[PDB]
Structures are given as C-alpha cells and as structure tokens.
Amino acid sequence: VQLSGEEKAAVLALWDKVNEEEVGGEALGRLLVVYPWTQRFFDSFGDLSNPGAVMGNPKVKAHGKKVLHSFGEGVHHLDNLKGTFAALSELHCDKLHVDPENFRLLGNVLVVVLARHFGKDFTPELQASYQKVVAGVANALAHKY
C-alpha cells in the first residue's frame, strides 16, 4: 500500500498501543456474531450459540490473538504485503475455501474495534490510513485464489 511518510508514522504509533489479545479476541468475536455464516468455519471451537458464548470462548480469544499478530506483521511490512501473506493465502484458499469477501468483512470489523478502543484519538484521518492497510491485507490474502 502507498502511504505518505506522515501516514505510515501515525499508523505505526497507534499499533504500539494495540493489545493483540484484547483487540483480536473482540474482533473475531464480533465477526462471528454480526456475520453468523462465518461460524461454519469454526465448528471445532464448540458452543457459538449466542453473543455471551462467543465472546467468552477461550478458543475464539486464542485464535483472535493469532489473527491480530499476523495483522501486526503486515503493518510492519507494508512494502511486502504479498510476500508476508503468501503462505496464509494458500491455506485460506486451498485448504479452508474461505470466500475473499470475508477478508474485507473482518478488516472492517477490526477498524470498528480500533474505533471503540481509541475513541477520539482514532480520527477521520487515521481511519482513512487504516482503511488502506486493511484493504492491502485483504488483497494480499486473496492473491492465490
């Protein structure tokens, strides 16, 4: 993705403050609640009936953490998104058969969660840069489809 130097610096500064466990668990949980067809891929996590069961599920928190860690890698490798996500693209296409539209959905949920956590500090300009990042990750994950 193409950010100005000022934009990149603001993106990186916010990431310093991101708790990958709290944010990641909340982001995956909301995806599963707001877009319930996504629960199909996570049957092995057990009880995903209602919002309470999803948000408190230890497997949802642990996997959400892994997803955010991987996002974090993208944020620190903005020049080589395709290379950073090549292996994960293969897994998601070849093995899991996830439609790419869902990568966009998770990206937008992550932005909503960042907005919830950072409030007024998550300015319209900062969201605009994060939208770039999110789209770049989605495109990199879709590359082997």
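Position 1 is the first residue in the sequence shown; the rest follow in order.
Undergrad: Per the entry, where is the mean C-alpha temperature factor higher: 22-30 or 41-49?
TA: Averaging CA B-factors over each stretch, the winner is 41-49.
Undergrad: Which is higher on average in the deposited entry, the C-alpha temperature factors of 128-136 or of 6-14?
TA: That would be 6-14.
Undergrad: For the C-alpha B-factor as written in the entry, point me to the maximum among 112, 60, 67, 78.
TA: Largest recorded C-alpha B-factor: 78.
Undergrad: Please work out which residue in 104, 82, 120, 116 has the highest C-alpha B-factor recorded for this crystal structure.
TA: When the deposited C-alpha B-factors of 104, 82, 120, 116 are compared, 82 is largest.
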